[PDB]
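Structure file target-v4.pdb with PDB, C-alpha atoms:
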```pdb
ATOM      1  CA  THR A   1      -3.773  -9.061  -6.408  1.00  0.00           C
ATOM      2  CA  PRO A   2      -1.723  -9.694  -9.581  1.00  0.00           C
ATOM      3  CA  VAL A   3      -1.536  -5.961  -8.861  1.00  0.00           C
ATOM      4  CA  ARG A   4       1.982  -4.994  -9.638  1.00  0.00           C
ATOM      5  CA  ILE A   5       3.587  -2.774  -7.070  1.00  0.00           C
ATOM      6  CA  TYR A   6       5.737   0.017  -8.473  1.00  0.00           C
ATOM      7  CA  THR A   7       7.848   1.963  -5.981  1.00  0.00           C
ATOM      8  CA  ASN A   8       9.125   4.786  -8.096  1.00  0.00           C
ATOM      9  CA  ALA A   9       7.427   7.061 -10.590  1.00  0.00           C
ATOM     10  CA  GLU A  10      10.479   6.632 -12.838  1.00  0.00           C
ATOM     11  CA  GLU A  11       9.306   3.116 -13.481  1.00  0.00           C
ATOM     12  CA  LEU A  12       6.121   4.611 -14.994  1.00  0.00           C
ATOM     13  CA  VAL A  13       7.819   6.900 -17.473  1.00  0.00           C
ATOM     14  CA  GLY A  14       6.303   6.140 -20.813  1.00  0.00           C
ATOM     15  CA  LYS A  15       3.408   3.983 -19.624  1.00  0.00           C
ATOM     16  CA  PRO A  16       0.091   5.926 -19.855  1.00  0.00           C
ATOM     17  CA  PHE A  17      -2.367   4.885 -17.107  1.00  0.00           C
ATOM     18  CA  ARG A  18      -5.476   5.837 -15.324  1.00  0.00           C
ATOM     19  CA  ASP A  19      -5.224   6.931 -11.776  1.00  0.00           C
ATOM     20  CA  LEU A  20      -8.110   5.227 -10.072  1.00  0.00           C
ATOM     21  CA  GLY A  21      -7.405   6.893  -6.725  1.00  0.00           C
ATOM     22  CA  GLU A  22      -5.527   6.533  -3.416  1.00  0.00           C
ATOM     23  CA  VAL A  23      -5.346   3.309  -1.441  1.00  0.00           C
ATOM     24  CA  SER A  24      -3.965   2.390   2.000  1.00  0.00           C
ATOM     25  CA  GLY A  25      -3.084  -0.809   3.833  1.00  0.00           C
ATOM     26  CA  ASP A  26      -2.240  -1.160   7.480  1.00  0.00           C
ATOM     27  CA  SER A  27      -1.033  -3.600  10.168  1.00  0.00           C
ATOM     28  CA  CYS A  28      -2.001  -2.783  13.817  1.00  0.00           C
ATOM     29  CA  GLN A  29      -0.118  -3.950  16.879  1.00  0.00           C
ATOM     30  CA  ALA A  30      -2.888  -3.310  19.406  1.00  0.00           C
ATOM     31  CA  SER A  31      -0.841  -4.078  22.409  1.00  0.00           C
ATOM     32  CA  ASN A  32       2.746  -4.401  23.585  1.00  0.00           C
ATOM     33  CA  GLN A  33       2.022  -7.993  24.102  1.00  0.00           C
ATOM     34  CA  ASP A  34       1.139  -8.638  20.467  1.00  0.00           C
ATOM     35  CA  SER A  35       3.336  -9.265  17.446  1.00  0.00           C
ATOM     36  CA  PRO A  36       4.885  -6.150  16.042  1.00  0.00           C
ATOM     37  CA  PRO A  37       3.278  -4.419  13.019  1.00  0.00           C
ATOM     38  CA  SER A  38       3.612  -6.379   9.768  1.00  0.00           C
ATOM     39  CA  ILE A  39       5.108  -4.336   6.907  1.00  0.00           C
ATOM     40  CA  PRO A  40       4.295  -7.065   4.460  1.00  0.00           C
ATOM     41  CA  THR A  41       0.655  -7.212   5.581  1.00  0.00           C
ATOM     42  CA  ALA A  42       0.373  -3.366   5.284  1.00  0.00           C
ATOM     43  CA  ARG A  43       1.594  -3.615   1.724  1.00  0.00           C
ATOM     44  CA  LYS A  44      -0.554  -6.553   0.804  1.00  0.00           C
ATOM     45  CA  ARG A  45      -3.665  -4.910   2.155  1.00  0.00           C
ATOM     46  CA  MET A  46      -2.950  -1.762   0.088  1.00  0.00           C
ATOM     47  CA  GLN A  47      -2.552  -3.987  -2.916  1.00  0.00           C
ATOM     48  CA  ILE A  48      -5.865  -5.760  -2.255  1.00  0.00           C
ATOM     49  CA  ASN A  49      -7.521  -2.381  -1.808  1.00  0.00           C
ATOM     50  CA  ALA A  50      -6.183  -1.439  -5.285  1.00  0.00           C
ATOM     51  CA  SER A  51      -7.422  -4.760  -6.617  1.00  0.00           C
ATOM     52  CA  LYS A  52     -10.911  -3.961  -5.387  1.00  0.00           C
ATOM     53  CA  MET A  53     -10.876  -0.870  -7.669  1.00  0.00           C
ATOM     54  CA  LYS A  54      -9.933  -3.126 -10.549  1.00  0.00           C
ATOM     55  CA  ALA A  55      -6.422  -1.756 -10.518  1.00  0.00           C
ATOM     56  CA  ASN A  56      -3.649  -3.290 -12.602  1.00  0.00           C
ATOM     57  CA  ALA A  57      -0.881  -1.773 -10.502  1.00  0.00           C
ATOM     58  CA  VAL A  58      -0.181   0.478  -7.517  1.00  0.00           C
ATOM     59  CA  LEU A  59       2.432   3.175  -7.123  1.00  0.00           C
ATOM     60  CA  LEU A  60       3.558   2.927  -3.568  1.00  0.00           C
ATOM     61  CA  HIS A  61       4.258   6.404  -2.259  1.00  0.00           C
ATOM     62  CA  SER A  62       5.387   5.552   1.168  1.00  0.00           C
ATOM     63  CA  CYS A  63       5.156   3.413   4.263  1.00  0.00           C
ATOM     64  CA  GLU A  64       5.707   4.258   7.852  1.00  0.00           C
ATOM     65  CA  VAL A  65       5.746   2.638  11.303  1.00  0.00           C
ATOM     66  CA  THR A  66       3.882   4.925  13.700  1.00  0.00           C
ATOM     67  CA  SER A  67       3.250   5.039  17.453  1.00  0.00           C
ATOM     68  CA  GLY A  68       0.398   7.615  17.338  1.00  0.00           C
ATOM     69  CA  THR A  69      -2.589   5.621  15.837  1.00  0.00           C
ATOM     70  CA  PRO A  70      -5.928   5.480  17.668  1.00  0.00           C
ATOM     71  CA  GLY A  71      -6.225   1.721  17.867  1.00  0.00           C
ATOM     72  CA  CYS A  72      -2.629   0.678  17.983  1.00  0.00           C
ATOM     73  CA  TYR A  73       0.398   0.637  20.166  1.00  0.00           C
ATOM     74  CA  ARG A  74       2.235   0.511  16.841  1.00  0.00           C
ATOM     75  CA  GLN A  75       0.955   0.567  13.255  1.00  0.00           C
ATOM     76  CA  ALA A  76       2.539  -0.029   9.858  1.00  0.00           C
ATOM     77  CA  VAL A  77       0.728   1.797   7.040  1.00  0.00           C
ATOM     78  CA  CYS A  78       1.569   1.907   3.322  1.00  0.00           C
ATOM     79  CA  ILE A  79      -0.042   4.318   0.865  1.00  0.00           C
ATOM     80  CA  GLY A  80      -0.232   4.485  -2.902  1.00  0.00           C
ATOM     81  CA  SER A  81      -2.118   5.221  -6.141  1.00  0.00           C
ATOM     82  CA  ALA A  82      -4.198   2.469  -7.572  1.00  0.00           C
ATOM     83  CA  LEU A  83      -3.666   2.421 -11.306  1.00  0.00           C
ATOM     84  CA  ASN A  84      -4.806   0.880 -14.572  1.00  0.00           C
ATOM     85  CA  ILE A  85      -1.861   0.650 -16.868  1.00  0.00           C
ATOM     86  CA  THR A  86      -3.521   0.212 -20.280  1.00  0.00           C
TER      87      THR A  86
END
```
Full structure transcribed into structure tokens:
Amino acid sequence: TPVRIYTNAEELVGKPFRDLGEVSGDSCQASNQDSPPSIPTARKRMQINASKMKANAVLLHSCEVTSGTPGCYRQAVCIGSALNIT
């Protein structure tokens, strides 16, 4: 994951790329008793998911800490577009 994370589409102005598709990374706090959700781990896992598509970069759209998730008391999730900047 020498997958560069961009956080703003403005940063992409003037760099043609291929959108390889959407990626997600999450961190699950299963229980109350466990460590809280890890924002860094959510982001890293997204990045690794992009890397598996042979991405160069990811445009991070958003992250969020949620209470709703099926397996998790709390969850951090980050989402983005895996990209090949050519």
Contact residues around residue A:40 with only C-alpha atoms at 9 Å, ignoring same-chain residues under 4 positions, as a PDB file with C-alpha atoms, in the coordinates of the input:
```
ATOM      1  CA  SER A  27      -1.033  -3.600  10.168  1.00  0.00           C
ATOM      2  CA  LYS A  44      -0.554  -6.553   0.804  1.00  0.00           C
ATOM      3  CA  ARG A  45      -3.665  -4.910   2.155  1.00  0.00           C
TER       4      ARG A  45
END
```
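If you look at atom CA of residue A:63 and atom CA of residue A:86, they are 26.2 Å away from each other.
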Surrounding residues of residue A:35 excluding itself and chain neighbours under 3 positions, 12 Å, all atoms listed in the file, as a PyMOL selection string: chain A and resi 27-32+38-39+72-76
So the first atom is atom CA of residue A:52 and the second is atom CA of residue A:81; what is the distance between them in Å, to one decimal place?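 So the answer is 12.7 Å.
Atom CA of residue A:9 to atom CA of residue A:22 spans 14.8 Å [interatomic distance, one decimal].
For the set A:69, A:19, A:11, A:37, the residue with the smallest atom-to-atom gap to residue A:82 is A:19, counting only C-alpha atoms.
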So which residues get picked by the PyMOL selection byres ((chain A and resi 24) around 8) here, written as a PyMOL selection string? chain A and resi 22-23+25-26+42+45-46+49+77-80
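The protein and nucleic acid residues lying at most 10 Å from residue A:20 are residues 50, 53, 54, 55, 56, 58, 81, 82, 83 and 84 of chain A, with all atoms listed in the file considered and sequence neighbours fewer than 6 positions away removed.
Nearest-residue note for residue A:57: choosing from A:36, A:2, A:21, A:14, the minimum distance belongs to A:2, counting all atoms listed in the file.
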Which residue gives the smallest distance to residue A:12 among A:43, A:85, A:51, A:65, with only C-alpha atoms counted?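 Closest to residue A:12, using only C-alpha atoms: A:85.
Using all atoms listed in the file, the smallest distance between any of A:47, A:33, A:64, A:71 and residue A:6 comes from A:47.
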Reconstructed N, CA and C atoms for stretch 28-53 of chain A, given as a tab-separated table (two decimals), in the frame of the given file:
```tsv
chain	number	residue	atom	x	y	z
A	28	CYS	N	-1.87	-3.32	12.46
A	28	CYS	CA	-2.00	-2.78	13.82
A	28	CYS	C	-1.47	-3.76	14.87
A	29	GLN	N	-0.49	-3.31	15.65
A	29	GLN	CA	-0.12	-3.95	16.88
A	29	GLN	C	-0.88	-3.21	17.95
A	30	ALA	N	-1.90	-3.89	18.46
A	30	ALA	CA	-2.89	-3.31	19.41
A	30	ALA	C	-2.24	-3.03	20.75
A	31	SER	N	-1.49	-4.01	21.16
A	31	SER	CA	-0.84	-4.08	22.41
A	31	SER	C	0.66	-4.34	22.23
A	32	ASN	N	1.43	-3.89	23.23
A	32	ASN	CA	2.75	-4.40	23.58
A	32	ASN	C	2.94	-5.84	23.47
A	33	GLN	N	1.96	-6.55	24.00
A	33	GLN	CA	2.02	-7.99	24.10
A	33	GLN	C	1.88	-8.66	22.74
A	34	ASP	N	1.38	-7.96	21.73
A	34	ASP	CA	1.14	-8.64	20.47
A	34	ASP	C	2.35	-8.60	19.58
A	35	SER	N	2.31	-9.37	18.49
A	35	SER	CA	3.34	-9.26	17.45
A	35	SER	C	3.54	-7.83	16.97
A	36	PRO	N	4.75	-7.49	16.57
A	36	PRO	CA	4.88	-6.15	16.04
A	36	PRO	C	4.10	-5.94	14.72
A	37	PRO	N	3.97	-4.70	14.28
A	37	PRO	CA	3.28	-4.42	13.02
A	37	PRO	C	3.93	-5.17	11.87
A	38	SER	N	3.12	-5.65	10.92
A	38	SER	CA	3.61	-6.38	9.77
A	38	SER	C	3.69	-5.50	8.54
A	39	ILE	N	4.91	-5.17	8.12
A	39	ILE	CA	5.11	-4.34	6.91
A	39	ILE	C	4.56	-5.06	5.69
A	40	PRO	N	4.83	-6.36	5.59
A	40	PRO	CA	4.30	-7.06	4.46
A	40	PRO	C	2.77	-7.04	4.43
A	41	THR	N	2.10	-7.24	5.57
A	41	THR	CA	0.66	-7.21	5.58
A	41	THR	C	0.14	-5.82	5.20
A	42	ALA	N	0.79	-4.76	5.64
A	42	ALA	CA	0.37	-3.37	5.28
A	42	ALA	C	0.40	-3.21	3.79
A	43	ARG	N	1.45	-3.73	3.18
A	43	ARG	CA	1.59	-3.62	1.72
A	43	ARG	C	0.61	-4.47	0.94
A	44	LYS	N	0.39	-5.67	1.42
A	44	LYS	CA	-0.55	-6.55	0.80
A	44	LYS	C	-1.93	-6.00	0.87
A	45	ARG	N	-2.35	-5.48	2.04
A	45	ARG	CA	-3.66	-4.91	2.15
A	45	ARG	C	-3.93	-3.68	1.23
A	46	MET	N	-2.93	-2.85	1.05
A	46	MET	CA	-2.95	-1.76	0.09
A	46	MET	C	-3.23	-2.31	-1.30
A	47	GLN	N	-2.50	-3.36	-1.62
A	47	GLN	CA	-2.55	-3.99	-2.92
A	47	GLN	C	-3.91	-4.57	-3.22
A	48	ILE	N	-4.49	-5.25	-2.22
A	48	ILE	CA	-5.86	-5.76	-2.26
A	48	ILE	C	-6.89	-4.64	-2.37
A	49	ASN	N	-6.72	-3.57	-1.60
A	49	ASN	CA	-7.52	-2.38	-1.81
A	49	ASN	C	-7.46	-1.85	-3.23
A	50	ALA	N	-6.30	-1.86	-3.86
A	50	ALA	CA	-6.18	-1.44	-5.28
A	50	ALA	C	-6.94	-2.46	-6.17
A	51	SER	N	-6.78	-3.72	-5.85
A	51	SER	CA	-7.42	-4.76	-6.62
A	51	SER	C	-8.94	-4.58	-6.58
A	52	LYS	N	-9.49	-4.20	-5.44
A	52	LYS	CA	-10.91	-3.96	-5.39
A	52	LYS	C	-11.42	-2.84	-6.31
A	53	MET	N	-10.52	-1.95	-6.75
A	53	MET	CA	-10.88	-0.87	-7.67
A	53	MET	C	-10.59	-1.32	-9.07
```
